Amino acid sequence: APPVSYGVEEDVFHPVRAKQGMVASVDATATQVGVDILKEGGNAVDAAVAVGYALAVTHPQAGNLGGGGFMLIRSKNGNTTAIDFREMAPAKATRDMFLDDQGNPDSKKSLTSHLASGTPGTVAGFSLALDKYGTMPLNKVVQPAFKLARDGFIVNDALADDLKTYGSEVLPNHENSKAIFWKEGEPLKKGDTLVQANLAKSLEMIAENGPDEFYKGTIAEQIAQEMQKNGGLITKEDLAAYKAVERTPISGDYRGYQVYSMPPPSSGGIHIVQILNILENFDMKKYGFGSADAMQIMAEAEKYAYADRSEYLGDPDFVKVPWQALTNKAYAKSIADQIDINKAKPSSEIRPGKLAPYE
């Protein structure tokens, strides 16, 4: 492993530099909300939750209260942990709930109907994190988002373009969604102001009554009714039964550096470690970025990892994942020995690996 570089004046691309705190996000407004929270004395977790709520208002494309996700937290003391707040399928969910009459999957149902929704975990995940690792009360980190929803913000290029491109396919097909994101028969355009009064109300109630508002209160009632009246499955029991879960991170060592990432239900963490384990057997530095050899080696390593991913990954609470074998360096070595720097092995000749000798 060669020496690292934090950046010098002669480089083409320059990182943003800061001496105290920093936030990196997909949205200028949300980033600034996080920075303000840090300046006000909040810790990384406090700011992260504030950014998460802010994005739920300024980046409806993915920021959310009605979805889910993952969080990796590493304290200054070294303690590294993962928060799993991925959505849970409703209690009434069934294996073939998305198959038509011929027995073939109906994408339309699993993407645009009320049956495509899993029980939201974002609010639970953020509260689990804030309560245990944060230092600010929920109302304090939610306030910035509340104001953005209540007073509105200017639609920029990103939101404008996304509303037009992706929004057109679903938002205008629902009266309540259309009433918020559409204007004069067209999606909101750059320069327009987006006010979200109903979301502001939800945020205000969450800040006031905590996460139960979402899982047991008014919002919960609103989600259940929406489902009950449109053939959805999420009930008040599903919402009341939801739980974010703190899990042990998946980790590995790459040339002396320790890598920490998301464990199952995420597939990424395990395979990032696995692929790194494979690549460690090669002198990547020697080949260099953009070289055919470096790309060949990584492309080949990826094939094997993705093959394993299609076979051994799933919700750890329902399936036993052979994470030990998948992240085993002896196993990675057996894969590295199959890589021919001058000739690729067709994916057709690659199958999930035999893990027996590594468990």
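The term rigid core refers to the maximal set of C-alpha atoms that superpose within 1.5 Å between the two forms. One rule holds for the numbers: they count along the sequence shown, beginning at 1.
Of 108-116 and 243-251, the stretch whose C-alpha atoms sit farther from the shown form in 8 other deposited structures of this protein, after fitting on the rigid core, is 108-116. Two stretches, 347-355 and 11-19, are weighed by how far their CA atoms sit from the shown form in 8 other deposited structures of this protein after rigid core superposition; the farther one is 347-355. For the pair 241-249 and 227-235, the record assigns the higher mean C-alpha temperature factor to 227-235. For the segment pair 310-318 and 36-44, the entry gives 310-318 the higher mean B-factor, averaged over Cα atoms. When the C-alpha B-factors of 128, 111, 73, 142 are ranked from the entry, the top spot goes to 111. For the set 98, 289, 254, 146, the PDB entry assigns the largest Cα B-factor to 98. In the PDB entry, a CA B factor belonging to the lowest third of its chain's modelled residues is recorded for residue 263. When the modelled residues of the chain are ordered by their C-alpha B factor, residue 16 lands in the lowest third. Split the chain's modelled residues into thirds by C-alpha temperature factor. Residue 166 is in the highest one. The deposited CA B-factor of residue 150 belongs to the lowest third of values across its chain. Ranked against the other modelled residues of its chain, the C-alpha B-factor of residue 271 as given in the entry falls in the lowest third.
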